[PDB]
file protein-v6.txt (compact mmCIF, C-alpha atoms (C1' of nucleotides))
# COMPACT_ATOMS: atom_id res chain seq x y z
CA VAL L 1 -42.53 7.21 29.50
CA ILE L 2 -40.29 10.23 29.00
CA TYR L 3 -37.22 10.03 26.74
CA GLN L 4 -34.43 12.55 27.29
CA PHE L 5 -32.29 13.71 24.36
CA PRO L 6 -29.19 15.95 24.12
CA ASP L 7 -29.60 19.71 24.46
CA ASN L 8 -32.13 18.94 27.22
CA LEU L 9 -34.79 17.61 24.84
CA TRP L 10 -37.75 15.46 25.88
CA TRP L 11 -40.21 13.27 23.99
CA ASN L 12 -43.23 12.23 26.04
CA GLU L 13 -45.51 9.20 25.88
CA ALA L 14 -47.45 10.33 28.94
CA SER L 15 -48.36 13.02 26.38
CA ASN L 16 -47.90 13.28 22.61
CA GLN L 17 -45.49 16.18 22.15
CA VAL L 18 -41.81 17.18 22.17
CA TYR L 19 -40.17 19.97 24.15
CA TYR L 20 -36.90 21.43 25.47
CA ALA L 21 -37.25 21.11 29.24
CA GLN L 22 -35.27 20.54 32.40
CA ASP L 23 -38.47 19.24 34.04
CA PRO L 24 -39.66 15.93 32.52
CA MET L 25 -43.44 16.40 32.72
CA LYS L 26 -43.45 20.22 32.57
CA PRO L 27 -44.00 21.69 29.07
CA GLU L 28 -41.01 24.04 28.72
CA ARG L 29 -40.03 25.58 25.36
CA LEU L 30 -42.46 23.55 23.31
CA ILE L 31 -41.44 22.27 19.89
CA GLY L 32 -44.87 20.88 19.03
CA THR L 33 -46.30 17.53 17.97
CA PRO L 34 -44.69 15.31 15.31
CA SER L 35 -46.82 13.89 12.53
CA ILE L 36 -48.06 10.30 12.41
CA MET L 37 -45.08 9.09 10.40
CA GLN L 38 -42.67 11.23 12.41
CA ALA L 39 -44.07 9.86 15.68
CA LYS L 40 -43.76 6.30 14.36
CA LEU L 41 -40.15 6.94 13.31
CA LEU L 42 -39.29 8.42 16.70
CA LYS L 43 -40.92 5.47 18.48
CA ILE L 44 -39.01 2.97 16.33
CA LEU L 45 -35.67 4.70 16.92
CA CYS L 46 -36.35 4.92 20.66
CA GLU L 47 -37.36 1.25 20.86
CA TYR L 48 -34.28 0.02 19.02
CA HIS L 49 -32.16 2.11 21.41
CA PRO L 50 -29.41 1.49 22.38
CA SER L 51 -28.93 -0.75 19.33
CA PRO L 52 -28.76 0.66 15.79
CA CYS L 53 -32.01 0.37 13.89
CA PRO L 54 -31.88 -1.42 10.53
CA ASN L 55 -33.09 0.45 7.46
CA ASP L 56 -35.37 -2.39 6.33
CA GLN L 57 -36.98 -2.46 9.78
CA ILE L 58 -37.73 1.26 9.50
CA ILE L 59 -39.18 0.95 6.00
CA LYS L 60 -41.38 -2.06 6.86
CA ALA L 61 -42.56 -0.46 10.10
CA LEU L 62 -43.30 3.00 8.69
CA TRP L 63 -44.59 1.73 5.32
CA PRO L 64 -45.86 -1.85 5.70
CA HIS L 65 -47.75 -1.68 2.38
CA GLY L 66 -45.95 1.06 0.44
CA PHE L 67 -43.61 0.83 -2.54
CA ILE L 68 -41.08 3.26 -1.09
CA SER L 69 -38.84 4.84 -3.74
CA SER L 70 -35.80 4.30 -1.43
CA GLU L 71 -35.28 8.09 -1.20
CA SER L 72 -38.14 8.95 1.16
CA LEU L 73 -35.99 7.16 3.75
CA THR L 74 -33.66 10.16 3.71
CA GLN L 75 -36.14 13.01 3.25
CA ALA L 76 -38.14 11.69 6.21
CA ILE L 77 -35.15 11.37 8.55
CA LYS L 78 -33.92 14.72 7.32
CA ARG L 79 -37.07 16.67 8.19
CA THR L 80 -37.44 14.62 11.39
CA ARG L 81 -34.05 15.85 12.58
CA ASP L 82 -34.92 19.33 11.30
CA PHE L 83 -38.11 19.36 13.38
CA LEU L 84 -35.98 18.34 16.38
CA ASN L 85 -33.46 20.99 15.20
CA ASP L 86 -30.50 18.66 14.67
CA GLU L 87 -28.38 21.16 12.75
CA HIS L 88 -25.15 19.49 13.91
CA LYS L 89 -26.42 15.98 13.01
CA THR L 90 -25.81 14.89 16.61
CA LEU L 91 -29.32 14.10 17.89
CA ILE L 92 -29.81 11.23 15.41
CA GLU L 93 -26.77 9.29 14.22
CA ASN L 94 -26.37 7.26 11.02
CA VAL L 95 -23.96 4.33 11.21
CA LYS L 96 -23.38 3.34 7.60
CA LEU L 97 -24.64 -0.02 6.32
CA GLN L 98 -25.89 -0.81 9.84
CA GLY L 99 -28.66 1.75 10.30
CA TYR L 100 -29.86 4.68 12.38
CA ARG L 101 -29.89 5.44 16.09
CA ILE L 102 -31.23 8.25 18.28
CA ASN L 103 -29.26 9.57 21.24
CA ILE L 104 -31.41 8.95 24.34
CA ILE L 105 -30.10 10.20 27.67
CA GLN L 106 -32.59 8.61 30.06
CA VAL L 107 -35.95 6.83 30.12
CA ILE L 108 -38.66 7.66 32.67
CA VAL L 109 -41.30 5.00 33.31
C1' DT F 1 -88.59 43.26 0.39
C1' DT F 2 -84.39 42.48 2.77
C1' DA F 3 -81.14 40.59 6.51
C1' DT F 4 -79.09 36.38 7.84
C1' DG F 5 -77.82 31.45 8.54
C1' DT F 6 -76.25 27.88 5.78
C1' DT F 7 -73.98 25.02 2.34
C1' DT F 8 -71.16 24.24 -1.40
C1' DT F 9 -67.23 25.61 -4.01
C1' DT F 10 -62.66 27.26 -4.79
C1' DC F 11 -58.30 28.94 -3.14
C1' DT F 12 -54.52 28.16 0.17
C1' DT F 13 -51.50 25.50 2.80
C1' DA F 14 -49.34 21.08 4.64
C1' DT F 15 -47.52 16.37 4.67
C1' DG F 16 -46.02 13.26 1.88
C1' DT F 17 -43.66 11.89 -2.74
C1' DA F 18 -40.41 11.52 -5.95
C1' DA F 19 -36.07 12.92 -9.13
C1' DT F 20 -31.70 14.18 -9.94
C1' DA F 21 -27.28 16.02 -8.11
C1' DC F 22 -23.71 16.23 -5.14
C1' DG F 23 -21.03 15.64 -0.53
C1' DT F 24 -19.29 12.13 3.49
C1' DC F 25 -17.73 7.95 5.31
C1' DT F 26 -15.41 4.35 4.64
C1' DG F 27 -12.62 0.56 2.28
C1' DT F 28 -8.67 -0.46 -0.47
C1' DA F 29 -4.14 0.78 -2.37
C1' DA F 30 0.48 3.49 -3.22
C1' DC F 31 4.19 5.06 -0.69
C1' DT F 32 7.37 4.81 2.79
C1' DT F 33 9.76 3.42 7.44
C1' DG F 34 11.31 1.00 11.56
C1' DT F 35 12.73 -3.51 13.61
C1' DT F 36 14.69 -8.13 13.74
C1' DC F 37 16.64 -12.28 11.85
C1' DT F 38 19.61 -14.28 8.33
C1' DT F 39 23.68 -14.68 5.15
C1' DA F 40 27.68 -14.04 2.22
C1' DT F 41 32.07 -12.28 2.94
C1' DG F 42 36.38 -9.99 4.40
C1' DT F 43 39.76 -10.54 7.75
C1' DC F 44 42.61 -12.47 11.54
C1' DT F 45 45.13 -16.51 13.20
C1' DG F 46 47.28 -21.19 13.83
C1' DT F 47 49.56 -25.23 11.45
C1' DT F 48 51.89 -27.71 7.82
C1' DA F 49 53.88 -28.17 3.28
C1' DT F 50 57.43 -26.37 0.47
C1' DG F 51 61.04 -23.85 -1.53
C1' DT F 52 65.75 -22.03 -0.79
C1' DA F 53 70.59 -21.83 0.87
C1' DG F 54 74.46 -24.42 2.55
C1' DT F 55 77.89 -28.36 2.91
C1' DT F 56 80.44 -32.91 1.74
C1' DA F 57 88.20 -33.69 2.03
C1' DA F 58 91.92 -41.65 -1.69
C1' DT F 59 92.56 -39.33 -6.46
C1' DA F 60 90.52 -37.33 -10.26
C1' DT F 61 93.52 -32.20 -14.52
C1' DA F 62 92.50 -29.66 -23.01
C1' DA F 63 84.39 -32.01 -26.49
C1' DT F 64 81.31 -33.60 -30.28
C1' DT F 65 78.76 -34.33 -33.86
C1' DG F 66 76.98 -35.41 -37.45
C1' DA F 67 77.94 -34.53 -42.60
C1' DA F 68 77.35 -36.63 -46.75
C1' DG F 69 74.21 -38.06 -55.55
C1' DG F 70 73.28 -29.55 -55.46
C1' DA F 71 73.37 -26.73 -59.59
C1' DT F 72 73.70 -22.02 -60.81
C1' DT F 73 74.83 -17.30 -60.27
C1' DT F 74 76.85 -13.21 -57.82
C1' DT F 75 80.22 -10.82 -55.26
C1' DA F 76 83.81 -9.92 -51.78
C1' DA F 77 88.84 -11.54 -50.22
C1' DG F 78 93.49 -13.94 -51.01
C1' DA F 79 97.34 -13.83 -54.49
call {"tool": "encode", "arguments": {"input": "protein-v6.txt", "output": "structure tokens"}}
result
Amino acid sequence: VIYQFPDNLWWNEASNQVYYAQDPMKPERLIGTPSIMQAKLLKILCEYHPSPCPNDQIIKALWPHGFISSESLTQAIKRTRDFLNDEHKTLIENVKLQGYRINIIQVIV
DNA sequence: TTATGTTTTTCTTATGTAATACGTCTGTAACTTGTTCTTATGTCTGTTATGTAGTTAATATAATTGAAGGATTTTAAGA
């Protein structure tokens, strides 16, 4: 499965890495590989697409057995957008009091 | 005796972890602003009450109205 994101971004499940490509399976302009928690967050946001993803769902999926201080929620989804280079805050959207969403262009299965 | 492979230790970095501080989005409120329906009222008009002006041909030809045990003093008009 290949998820397409704005600015011609791609996250791959046929592999385990993110890139800026115009060819789905071809590794063009590699970003790298997200961490375990980053990959889990990206998977959760892509699965809840096109619906908004609730905050409690994210915290109980990323940290099933962790006493999260309620502020790692924002540091994590700040550096996740930074690692995808979302300087304009357009790649991942926050709808207030409803949750988060990630802008997916197309899905390749 | 000495060169070298190894293993353990310590330093360096990386992902997460949290704390406090401050900006954004959004939810309510103050301030106006346009539109439509309603209402009290000022004004015009018709109808009836009323207020005014006029006329009437035996003859008839100088009030009235009390008013009633007042004393005392002052001052103008008559002679």
call {"tool": "closest_atom_pairs", "arguments": {"input": "protein-v6.txt", "of": "chain F", "to": "chain L", "cutoff": "8 Å", "atoms": "all atoms listed in the file", "output": "CSV"}}
result
residue,atom,partner,partner_atom,distance
F:17,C1',L:72,CA,7.4
F:18,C1',L:69,CA,7.2
F:25,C1',L:96,CA,7.6
call {"tool": "write_last_selection", "arguments": {"input": "protein-v6.txt", "atoms": "C-alpha atoms (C1' of nucleotides)", "output": "short mmCIF file (atom, residue, chain, number, x, y, z; two decimals), in the coordinates of the input"}}
result
data_model
loop_
_atom_site.label_atom_id
_atom_site.label_comp_id
_atom_site.auth_asym_id
_atom_site.auth_seq_id
_atom_site.Cartn_x
_atom_site.Cartn_y
_atom_site.Cartn_z
"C1'" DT F 17 -43.66 11.89 -2.74
"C1'" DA F 18 -40.41 11.52 -5.95
"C1'" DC F 25 -17.73 7.95 5.31
#
call {"tool": "atom_distance", "arguments": {"input": "protein-v6.txt", "atom1": "atom CA of residue L:24", "atom2": "atom CA of residue L:94"}}
result
26.7 Å
call {"tool": "atom_distance", "arguments": {"input": "protein-v6.txt", "atom1": "atom CA of residue L:92", "atom2": "atom CA of residue L:107"}}
result
16.5 Å
call {"tool": "residues_around", "arguments": {"input": "protein-v6.txt", "residues": "residue L:32", "least_positions_apart": "6", "cutoff": "9 Å", "atoms": "only C-alpha atoms (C1' of nucleotides)", "output": "list in words"}}
result
residues 16, 17, 18, 19 and 83 of chain L
call {"tool": "atom_distance", "arguments": {"input": "protein-v6.txt", "atom1": "atom CA of residue L:12", "atom2": "atom CA of residue L:86"}}
result
18.2 Å
call {"tool": "closest_residue", "arguments": {"input": "protein-v6.txt", "among": "L:103, L:41, L:15, L:5", "to": "residue L:63", "atoms": "only C-alpha atoms"}}
result
L:41
call {"tool": "residues_around", "arguments": {"input": "protein-v6.txt", "residues": "residue L:22", "least_positions_apart": "4", "cutoff": "10 Å", "atoms": "only C-alpha atoms (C1' of nucleotides)", "output": "PyMOL selection string"}}
result
chain L and resi 4+7-10+26-29
call {"tool": "closest_residue", "arguments": {"input": "protein-v6.txt", "among": "L:58, L:91, L:1, L:30", "to": "residue L:73", "atoms": "all atoms listed in the file"}}
result
L:58
call {"tool": "closest_residue", "arguments": {"input": "protein-v6.txt", "among": "L:31, L:47, L:55, L:77", "to": "residue L:3", "atoms": "only C-alpha atoms"}}
result
L:47
call {"tool": "closest_residue", "arguments": {"input": "protein-v6.txt", "among": "L:87, L:64, L:80, L:97", "to": "residue L:45", "atoms": "only C-alpha atoms"}}
result
L:80
call {"tool": "axis_aligned_box", "arguments": {"input": "protein-v6.txt", "around": "stretch 39-52 of chain L", "padding_each_side": "4 Å", "output": "lines of an AutoDock Vina configuration file"}}
result
center_x = -36.4
center_y = 4.6
center_z = 17.8
size_x = 23.3
size_y = 18.6
size_z = 17.1
call {"tool": "residues_around", "arguments": {"input": "protein-v6.txt", "residues": "residue L:54", "least_positions_apart": "3", "cutoff": "8 Å", "atoms": "only C-alpha atoms (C1' of nucleotides)", "output": "list in words"}}
result
residues 57, 58, 98, 99 and 100 of chain L
call {"tool": "decode", "arguments": {"input": "protein-v6.txt", "residues": "stretch 12-32 of chain L", "atoms": "N, CA, C and O atoms", "output": "PDB file, in the first residue's frame"}}
result
ATOM      1  N   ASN L  12       5.110   4.427   2.270  1.00  0.00           N
ATOM      2  CA  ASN L  12       5.032   3.107   1.662  1.00  0.00           C
ATOM      3  C   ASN L  12       4.873   2.043   2.739  1.00  0.00           C
ATOM      4  O   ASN L  12       5.560   2.086   3.764  1.00  0.00           O
ATOM      5  N   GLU L  13       3.950   1.105   2.514  1.00  0.00           N
ATOM      6  CA  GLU L  13       3.876  -0.112   3.312  1.00  0.00           C
ATOM      7  C   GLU L  13       4.396  -1.337   2.573  1.00  0.00           C
ATOM      8  O   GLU L  13       4.658  -2.361   3.213  1.00  0.00           O
ATOM      9  N   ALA L  14       4.554  -1.260   1.249  1.00  0.00           N
ATOM     10  CA  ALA L  14       5.388  -2.226   0.547  1.00  0.00           C
ATOM     11  C   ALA L  14       6.856  -2.060   0.915  1.00  0.00           C
ATOM     12  O   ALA L  14       7.673  -2.925   0.582  1.00  0.00           O
ATOM     13  N   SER L  15       7.190  -0.967   1.591  1.00  0.00           N
ATOM     14  CA  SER L  15       8.494  -0.737   2.197  1.00  0.00           C
ATOM     15  C   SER L  15       8.214  -0.084   3.546  1.00  0.00           C
ATOM     16  O   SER L  15       7.093  -0.143   4.061  1.00  0.00           O
ATOM     17  N   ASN L  16       9.227   0.518   4.157  1.00  0.00           N
ATOM     18  CA  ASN L  16       9.057   1.119   5.476  1.00  0.00           C
ATOM     19  C   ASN L  16       9.689   2.500   5.534  1.00  0.00           C
ATOM     20  O   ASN L  16      10.390   2.841   6.491  1.00  0.00           O
ATOM     21  N   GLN L  17       9.448   3.327   4.517  1.00  0.00           N
ATOM     22  CA  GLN L  17      10.136   4.604   4.408  1.00  0.00           C
ATOM     23  C   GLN L  17       9.279   5.613   3.652  1.00  0.00           C
ATOM     24  O   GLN L  17       8.342   5.255   2.932  1.00  0.00           O
ATOM     25  N   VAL L  18       9.620   6.893   3.828  1.00  0.00           N
ATOM     26  CA  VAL L  18       8.877   8.017   3.263  1.00  0.00           C
ATOM     27  C   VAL L  18       9.756   8.717   2.235  1.00  0.00           C
ATOM     28  O   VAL L  18      10.986   8.737   2.358  1.00  0.00           O
ATOM     29  N   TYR L  19       9.123   9.295   1.212  1.00  0.00           N
ATOM     30  CA  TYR L  19       9.896   9.951   0.160  1.00  0.00           C
ATOM     31  C   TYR L  19       9.035  10.994  -0.545  1.00  0.00           C
ATOM     32  O   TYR L  19       7.820  11.049  -0.365  1.00  0.00           O
ATOM     33  N   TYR L  20       9.698  11.845  -1.333  1.00  0.00           N
ATOM     34  CA  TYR L  20       9.040  12.785  -2.243  1.00  0.00           C
ATOM     35  C   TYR L  20       9.243  12.279  -3.666  1.00  0.00           C
ATOM     36  O   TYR L  20      10.292  12.518  -4.273  1.00  0.00           O
ATOM     37  N   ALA L  21       8.237  11.601  -4.210  1.00  0.00           N
ATOM     38  CA  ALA L  21       8.361  10.991  -5.523  1.00  0.00           C
ATOM     39  C   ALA L  21       7.153  11.319  -6.389  1.00  0.00           C
ATOM     40  O   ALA L  21       6.075  11.661  -5.897  1.00  0.00           O
ATOM     41  N   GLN L  22       7.365  11.239  -7.702  1.00  0.00           N
ATOM     42  CA  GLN L  22       6.278  11.153  -8.666  1.00  0.00           C
ATOM     43  C   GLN L  22       6.034   9.723  -9.127  1.00  0.00           C
ATOM     44  O   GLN L  22       5.041   9.468  -9.816  1.00  0.00           O
ATOM     45  N   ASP L  23       6.919   8.795  -8.764  1.00  0.00           N
ATOM     46  CA  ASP L  23       6.756   7.378  -9.044  1.00  0.00           C
ATOM     47  C   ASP L  23       6.502   6.651  -7.733  1.00  0.00           C
ATOM     48  O   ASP L  23       7.353   6.703  -6.832  1.00  0.00           O
ATOM     49  N   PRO L  24       5.350   5.990  -7.580  1.00  0.00           N
ATOM     50  CA  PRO L  24       4.987   5.388  -6.288  1.00  0.00           C
ATOM     51  C   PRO L  24       6.060   4.516  -5.653  1.00  0.00           C
ATOM     52  O   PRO L  24       6.452   4.751  -4.506  1.00  0.00           O
ATOM     53  N   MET L  25       6.541   3.509  -6.377  1.00  0.00           N
ATOM     54  CA  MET L  25       7.452   2.519  -5.815  1.00  0.00           C
ATOM     55  C   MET L  25       8.917   2.904  -5.996  1.00  0.00           C
ATOM     56  O   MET L  25       9.795   2.223  -5.460  1.00  0.00           O
ATOM     57  N   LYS L  26       9.202   3.995  -6.708  1.00  0.00           N
ATOM     58  CA  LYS L  26      10.585   4.404  -6.942  1.00  0.00           C
ATOM     59  C   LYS L  26      11.050   5.354  -5.843  1.00  0.00           C
ATOM     60  O   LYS L  26      10.368   6.347  -5.563  1.00  0.00           O
ATOM     61  N   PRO L  27      12.189   5.080  -5.203  1.00  0.00           N
ATOM     62  CA  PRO L  27      12.654   5.934  -4.101  1.00  0.00           C
ATOM     63  C   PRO L  27      13.279   7.242  -4.566  1.00  0.00           C
ATOM     64  O   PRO L  27      14.501   7.324  -4.727  1.00  0.00           O
ATOM     65  N   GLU L  28      12.458   8.265  -4.786  1.00  0.00           N
ATOM     66  CA  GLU L  28      12.932   9.579  -5.205  1.00  0.00           C
ATOM     67  C   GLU L  28      12.932  10.538  -4.022  1.00  0.00           C
ATOM     68  O   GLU L  28      11.950  10.604  -3.274  1.00  0.00           O
ATOM     69  N   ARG L  29      14.033  11.274  -3.861  1.00  0.00           N
ATOM     70  CA  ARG L  29      14.185  12.321  -2.845  1.00  0.00           C
ATOM     71  C   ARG L  29      13.762  11.806  -1.465  1.00  0.00           C
ATOM     72  O   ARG L  29      12.749  12.200  -0.886  1.00  0.00           O
ATOM     73  N   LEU L  30      14.563  10.864  -0.977  1.00  0.00           N
ATOM     74  CA  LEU L  30      14.228  10.142   0.241  1.00  0.00           C
ATOM     75  C   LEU L  30      14.222  11.063   1.456  1.00  0.00           C
ATOM     76  O   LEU L  30      15.143  11.860   1.654  1.00  0.00           O
ATOM     77  N   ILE L  31      13.172  10.949   2.271  1.00  0.00           N
ATOM     78  CA  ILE L  31      13.176  11.582   3.585  1.00  0.00           C
ATOM     79  C   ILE L  31      13.888  10.697   4.597  1.00  0.00           C
ATOM     80  O   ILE L  31      14.759  11.155   5.347  1.00  0.00           O
ATOM     81  N   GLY L  32      13.526   9.418   4.633  1.00  0.00           N
ATOM     82  CA  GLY L  32      14.106   8.486   5.575  1.00  0.00           C
ATOM     83  C   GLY L  32      13.091   7.493   6.096  1.00  0.00           C
ATOM     84  O   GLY L  32      12.152   7.123   5.384  1.00  0.00           O
TER      85      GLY L  32
END
